[PDB]
Structures are given as structure tokens and as C-alpha cells.
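Okay, here's what each chain looks like letter by letter:
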Amino acid sequence: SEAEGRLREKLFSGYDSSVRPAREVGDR
Amino acid sequence: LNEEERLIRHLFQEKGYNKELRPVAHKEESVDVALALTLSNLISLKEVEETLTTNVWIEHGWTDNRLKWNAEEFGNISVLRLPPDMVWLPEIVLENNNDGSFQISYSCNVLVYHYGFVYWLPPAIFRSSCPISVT
Amino acid sequence: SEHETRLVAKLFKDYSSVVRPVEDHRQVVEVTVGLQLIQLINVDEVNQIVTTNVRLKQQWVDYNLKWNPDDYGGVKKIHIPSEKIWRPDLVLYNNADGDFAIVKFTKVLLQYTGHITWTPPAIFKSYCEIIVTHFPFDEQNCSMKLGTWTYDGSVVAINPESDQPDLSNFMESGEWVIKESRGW
Amino acid sequence: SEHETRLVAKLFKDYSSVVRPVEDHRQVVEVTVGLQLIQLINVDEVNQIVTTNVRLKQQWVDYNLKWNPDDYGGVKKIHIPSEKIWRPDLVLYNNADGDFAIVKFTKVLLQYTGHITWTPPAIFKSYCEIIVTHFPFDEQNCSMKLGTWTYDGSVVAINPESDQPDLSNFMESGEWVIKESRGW
Amino acid sequence: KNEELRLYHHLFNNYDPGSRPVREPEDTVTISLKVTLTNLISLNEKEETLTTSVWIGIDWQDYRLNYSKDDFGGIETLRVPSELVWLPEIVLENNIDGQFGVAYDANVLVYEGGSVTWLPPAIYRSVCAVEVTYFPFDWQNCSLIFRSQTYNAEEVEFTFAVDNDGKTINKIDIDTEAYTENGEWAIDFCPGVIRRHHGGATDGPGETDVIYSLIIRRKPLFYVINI
Ligand SMILES: *[C@@H]1O[C@H](CO)[C@@H](O[C@@H]2O[C@H](CO)[C@@H](O[C@@H]3O[C@H](CO)[C@@H](O)[C@H](O[C@H]4O[C@H](CO)[C@@H](O)[C@H](O)[C@@H]4O)[C@@H]3O)[C@H](O)[C@H]2NC(C)=O)[C@H](O)[C@H]1NC(C)=O
Ligand SMILES: *[C@@H]1O[C@H](CO)[C@@H](O[C@@H]2O[C@H](CO)[C@@H](O)[C@H](O)[C@H]2NC(C)=O)[C@H](O)[C@H]1NC(C)=O
Ligand SMILES: *[C@@H]1O[C@H](CO)[C@@H](O)[C@H](O)[C@H]1NC(C)=O
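Our subject in this report is the structure included herewith.

Reading guide: rules and limits
- Residues numbered from 1 in each chain as written, not as in the entry; some residues may be left out.
- Chains lettered and ligands numbered in written order.
- Part of a larger assembly, values for the part shown.
- Heavy atoms only, no water.
- Disulfide = S-S within 2.5 Å.
- Helix = DSSP H or I, 4+ residues; strand = E, 2+ residues; numbered from the N terminus.
- Buried < 20%, exposed > 50% of the residue type's maximum accessible area, 1.4 Å probe, protein only.
- 1 Å grid on protein atoms, 1.4 Å probe; cavity = no way out; pocket = protein on both sides within 12 Å on 5 of 7 lines; lining within 4 Å.
- Points joined across faces, edges and corners; volume = space filled by probe spheres on them.
- Nonpolar A, V, L, I, M, F, W, Y, C, P; charged D, E, K, R; others polar.
- Near = heavy atom within 4 Å.
- Polar contact = N/O pair within 3.5 Å; in protein donor to acceptor, adjacent residues only side chain to side chain.
- Areas by Shrake-Rupley, 256 points an atom, 1.4 Å probe, with all protein chains shown as cover.

1. Some remarks on the state of the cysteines
- Applying the stated criterion to the full structure yields three disulfides over all chains.
- Here C:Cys128 connects covalently by a disulfide to C:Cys142, the sulfurs 2.0 Å from one another. A torsion of -80 degrees about the S-S bond marks the disulfide between C:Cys128 and C:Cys142 as left-handed. Taken together, the residues C:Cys128 in the loop between β7 (121–127) and β8 (146–148) and C:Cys142 in the loop between β7 and β8 connect sequence positions 14 residues apart.
- A relative accessible area of 2% means that C:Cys128 is categorised as buried.
- C:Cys142 gets classed as partly exposed once you look at its relative accessible area, which sits at 32%.
- E:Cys128 shares a disulfide with E:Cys142; S-S distance 2.0 Å. Measuring handedness by torsion sign, the sulfur bridge of E:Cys128 and E:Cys142 sits at about -80 degrees and is left-handed. Of this pair, E:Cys128 sits in the loop between β7 (121–127) and β8 (139–148) while E:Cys142 sits in strand β8, and the two are 14 residues apart along the sequence. In this pair, the class of E:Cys128 matches that of E:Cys142, namely buried.

Given below as C-alpha cells:
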């Protein structure tokens, strides 16, 4: 699962789980 | 406990154990989880609420090859007691509960053997749905 | 205050609460267990459950949590959160529908010699076979079996503090009289 | 939402939820409180307790939670966890056997001007003198006193949002009719 | 620039809430105690449980949290979360439901001169054995026993708080204007006593607690009319 580990680390680098994911400002 | 402290340091910090990842060599594999149930006492069966209250001990057994060591290299240590939050867990729950208590009651220590076997015997008080035949 | 702060920083700089509190792993942790019965809250004969209020005194030596008082302004005892240290995992083996283990993690009293006394409260809901043959003139023998859930006798040893439970602070019961009490 | 990510990281880099959210300590924190009654759950006459489902809308301004939208792609409003920020400690003074304070920490709406709106839910269990003289034809005047537990009026000022509680989303009761309602 | 932030950093940058506010280990921390009852919710006779709503006024000195208003722009009070300061850990010992602590962890008020005040509210379900002999024309003696969970009498001691006139408030305080009497129970008396014991050589370190004795009277009107 070392590929899974690297993918998870890359996925959550700089990720903020409190911010709603809107591609651009104003998107729903 | 030079030996057990050194062993835990070797397993979890030196080798970078990640409890988020399953103990598999490749993702397409599946972890074999053996389960047994021991009924400590049947507390009750309430007919009006149709609820079975039981005290059970769930024996979980699986293999985690990341947690293997040579007993002779670490002072003939053959078994370790670790907090369950330190290792990956096969999170089993009671699906047919009727009160929201999906999980085991007391998260006891896991027992990890040198040959990679993780044994875990959490006890639980479970309140489950049991439809009643009043005939 | 500064001495206690420096001591607490020293003791837990490289401390592990996962590893047992001994100098060699081949040694057995010696735990003295004593029970204080504060109140017999209720005896439920239908579900066969005795609910009691208890204090579960546990005494043991921690090898790494020692210090010289002379080096710390004569501090001979301190109070530490129980969550921060290794503890014995005593469980009520005959729990009926309450908590299996201690949930109220009060502070432990730690001496300079390494001796730790931890006296958490608990509400024990234990399963007791009720014999209703002579009810309401019945006599009931209700037990509370305590043991280290995950540690066997080769790694952790438990010994009673006294032959009998501590009933010195036992509240009077309006329904039951305790004729005899004994710990084996 | 990289703009909002950068904004949230900037707003809380050196933020304190301990101090009152004012530029200068001699200033008072102006809080607008409005109670919305969703449901009248129960009127326990024996224990003199009224159980209600409520929404405690609280509005203030945090001096240190401002930004220019042009510097963040035009973001004018965000939703953030309430636990991270300073909040007023509104307490139901006449709580009977429920929670004294808000325990459901829902998100706050923060505007770029620093304006915060926080509308958490609560189950208020309030102590009310119940007059049974005229039961089953009785009328009951039940109150909910709300105040900042630890902050006095010289550091935190509370003002009603409206002269009456908000009953726009009130669920009809099958046991009571609210003849009158008012906030003082 | 808020002076509260500067004061908070000055007081709490180097501060240990785990250590008692004593310059020597052998010194004792004196705790001034008041208990204000807001409501008597009930006395369940089947469970022998007294449910009350109170708030505990706890005052003491913390020399580490000592500051002057002149050095911080005239600030005389600072509110901080109670988890950041040392607390004596007062609990109701004779609770029946296993709830030892308070219901809401309110902020502590730190005044200039090192004075620390904590006024948390609480819902207590206490043990009260019901003397049944003259039921329903009965009166009860329900105890509220408060003690430090952690510290012995040599480490933490209790004193009663004083009113404006200096009179010692050795009783349960009740705000007359806000008090609504229980529908079945009238509070006739409520003295309080500070007890010290277990101070013998064989006993070892001395222990202390504070016991309030609510002498309450039943209003038997329901039983008279209906039964
Ligand atoms: C409501 O409850 C409280 C608490 O139970 C109660 O106050 C307590 O009353 C007892 C007496 O019933 C007090 O005990 C006494 O303490 C003094 C020392 O302070 C002793 O000298 C007394 O000794 C006499 O009684 C002994 C009985 O064993 C005899 O052996 C001895 O020879 C003496 O005759 C006695 O131990 C106790 O100190 C108080 N607790 C307090 C005030 O904190 C109160 O009276 C009750 N109120 C009612 C029923 O109105
Ligand atoms: C808290 O700090 C104040 C100063 O801010 C202390 O007051 C000083 O007390 C000494 C006597 O011990 C005097 O010689 C000084 O002149 C005082 N200073 C000022 C500016 O008043 C005070 O003693 C400290 N201790 C506590 C806990 O009050
Ligand atoms: C373990 O057992 C072997 C013999 O099987 C012995 O030589 C050794 O000293 C023991 N202890 C250690 C530290 O390996």
C-alpha cells in the first residue's frame, strides 16, 4: 500500500477540510 | 524494558507504520479477518421494545506482516500489548443494532505476536433488533 | 511550582505509556488492588444485575517515574493525569450492562520512589445469579470479578490489598444488609 | 477554493479565541441576540420544567476577522467552524436539568467586514412556576433568561434582535397555544 | 492593539496549570467557597436521589497570575478558559449518578493582584436516603458534600465566603427574587460545615470537605386531596 500512502500524502498536502470545494469563487 | 521499548520504536517509528493503510502487499488483495463471538451473559429480551440486550466478547484475528519481528533479536519477546488506536483495525460493527451503538464498548489492547498475528478481544454491550413472534 | 514543572518535564521527556512500568521485560508488574464499596445502589432481580458505587484503588511502582526530592526543592509527591501513564487494564469480567473498565480517569498520586496510587470511582453493574426461592426472606451471594483484560499473570500480577472489601465509607442501604464480604 | 483556503489560513495564523474580539480593550463587544422557537416539546407541571427546541441567533463583529474581497478573488462570505473563534458565553440562567450553554457548535457565517452570524440549535429545559389552580383550563407564563455568564455589561453588551421571539418556523402544538410572546 | 492579548501572553506564556499556586510544596492553597442554589428540581423517593441546580463560587489566589492594571492599560479583569489555569478540582462526592464535576466549564476571571474566581453552574443528582416513617408528612435531611478530588487538606483547604458586611456565608445562598419554590418541597434550613478528619498519625495526611445539610419539608397537599 505504499502507492496508496504516497497518493494519500499528495492528496492531503495543502488540503483544508473546512473549506467548501468550489472550483472557482461563486461556484456551487 | 529496553527490549519492548526498542521493539515498539523499531516497528512504529523506524519502519514508519501507517495505520491508515491495510496490511496488504498490493491494493487488489483482501485482508482475512477471522471472527468469533463469546456470549458472557444474555442480559434481556424486551418484548415491547423488541430489543435483545447481550454482553459479548468479539475475538478478532488477522495478520499484519508489517508488525513482524525476530523474537531472538529483541530479548525473546513473543507478544506485545498495544493500544488499538496504534494499529490498523478491521472495523467490525453490529449492523442490526437499534440504538446507534454500532461499535464495541471497551477498546482493549491488541495482542500482536512476533509472527505477525494480531489478536483483539474487545467486549461489548449490544442492544439489537429482534422481532418478536407473539403467537 | 517551578520545581514541580521541571520535574514533570523531566519525567515525561522520553516516557512511554504503552510499555509496562518495569526495568526488564522479564519482570512482572506487581499491582495491589483494593475495593471500596461506597453504596449499594440497587439490586435488580429480574435482569439479575447488582449496581454499586465503588472506588477501585490500584497501587503499583513505575520504574521510570522516580526522582530525588533534593534535586527538585524537596518535592516528594505530585499529581499526574492518569491518561499520561501506563495503567493496569482492570475489567469487571462479570459486567452485566454497564462499563467494562474504568472510564473516569482521575489523577494519580505519584511518589518520588515511583509508587503510584490511583483510586478512580466507578459504577459497577455486575451480573449476579439471584435465587428467589425464599423471597422476600432471601439471601444473595453477589460477586464482582476483576482482572487485567489483556495482560496475563506472567506479565502483570494482581494481589488483593486486604482480605475483605473496604466498607468504612459504606452508605447505609434501606433494602439490604451485608452480612459478609470477602475478596479471593 | 484556493482563494478561500488562503483566506482561512491567513485569518487564523495569529488569532486568539481567548481575548474579546475588539481593537481596544475599553470597547464593548456589541452582540445581537434573537431567539427562534421551533417547537414547544413539553410542559412538565410536576417538576415545573418547560422543554423547547430553539435556535439562538447571535450576531457580532470580530475586528480581527476582516479581509478585502479583491485580494481573495472576490470572496465576500465564508462559513467557518465556530469552535475556532471567540464567542459570547450565553447561558440559560433558569436551566432546570438540561444544558446551561450551547453544546451544538454549528458553523458561523463570517462576512468580509468581520460580521459574524451564528445560529446554533438548543434544547432549552427551563424552570417555570406552574400554576395548576385552573387546570385543565390553565394559562402559563414561562420565561427563558439568557445572559453572558462570565462577561458583564461593561465588556460585552447584549441587545434583542427584535421585541418578540421569532415564531415564523414554529411547529404547531397539539397541547398548547402561545397567546403572547415578548423579549425584554 | 488590544491590551488583553498582551496581558494574556504575559501571564500564560510560562505557566503550568498542573502545579498548585504555592511557592513551597508544604504550603496550603486556601479556597473560599460559596454554593448558590437556583432550583430544587426534585427528590425521587424510589431512587432516593435529590436533583438540584446550583452554581459554585470558588475564589483563591494564584501568585503566578499576579498583574497590575497600571502596567496593562487599566485592565482589572481578564476572562480566560478554565482549562488554562490551575483549579482545585472541586467535586460533589456524594453524587449518585457518577457525575462528579460541573455542568458547564465557564471562564475563570483573573483579577489584578492574583485573585482567581470561577463560578461554574452545575446540575447535581445527589444521594438522599428518604426517612419514610411519616411519609407524606415528612421532612428530609439531604447532604451535599463537596471536596477536592485530587488534593488532601494540607494541599488544599476550604473556607466559607463572606458577604458585603463581612458575615461568613456558612450556608446555601439563595437569591430570593429569582427563586421559585419546588412544587412539593420547601427548603426550611441549609447550614454548611467545613469538616476536617483523618489527621491522625496512623491515618496519615489530613482530609477535609464541606457538607451542606438541606433540611426540606414536603407539602403534602396532593396526598391529602387525592389519596
Ligand atoms: C442532618 O445531617 C447532618 C449530617 O449527618 C447532621 O449533622 C451531624 O450530626 C451528627 C450527630 O447526629 C454529628 O455527630 C456528632 O459530632 C460531635 C462532634 O462534632 C460528636 O461529639 C458527637 O458524638 C455524640 O454522638 C456519638 C454517636 O456515635 C456518640 O458516640 C458520642 O458519645 C456523642 O454522644 C457526634 O458524633 C455530626 O458531626 C454532624 N455533622 C455535621 C454537622 O457536619 C445533622 O444533625 C442532621 N440534621 C438534622 C437531623 O436536623
Ligand atoms: C503583584 O505585583 C505587584 C506589582 O505589580 C506587587 O506589588 C509590589 O509589592 C511590593 C511589596 O512586596 C512593593 O515593594 C512594590 O512597590 C509593589 N509594586 C507596585 C508597583 O505596587 C505585588 O506584591 C505582587 N504580588 C501580589 C500577588 O499581589
Ligand atoms: C533467548 O533464548 C535463547 C535460547 O533459545 C538464549 O540463548 C537467549 O539468551 C535468550 N534471550 C535472549 C536475550 O535472546
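Read on for the rest.
2. Notes on the layout of surface pockets
Residues and elements named next belong to chain D.
- Estimates place the volume of the second largest pocket at around 1,400 Å³.
- Forming the boundary of the second largest pocket are 41 residues, of which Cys142, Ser143, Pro165, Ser181 and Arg182 lie nearest the centre.
- Looking at the lining of the second largest pocket, the elements that each hand over two or more residues are β1 (29–44), β2 (49–61), β8 (146–148) and β9 (156–160).
- Counting residues per element, the lining of the second largest pocket draws most heavily on β1, at seven residues.
- In terms of residue class, the lining of the second largest pocket is built from 18 nonpolar, 13 polar and 10 charged.

3. A word on the site of ligand 3
- Close to ligand 3 lie B:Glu72, B:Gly75, B:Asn76 and C:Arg26, which account for all nearby residues.
- Among the chains of the assembly, those with residues near ligand 3 are chains B and C.
- One of the side-chain N or O atoms of B:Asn76 is found 2.5 Å from an oxygen atom in ligand 3.
- When the free accessible area of ligand 3 is taken as 360 Å², the share hidden by the protein chains comes to 30%.
- Among the residues making up the shell around ligand 3, the classes are represented as no nonpolar, two polar and two charged.

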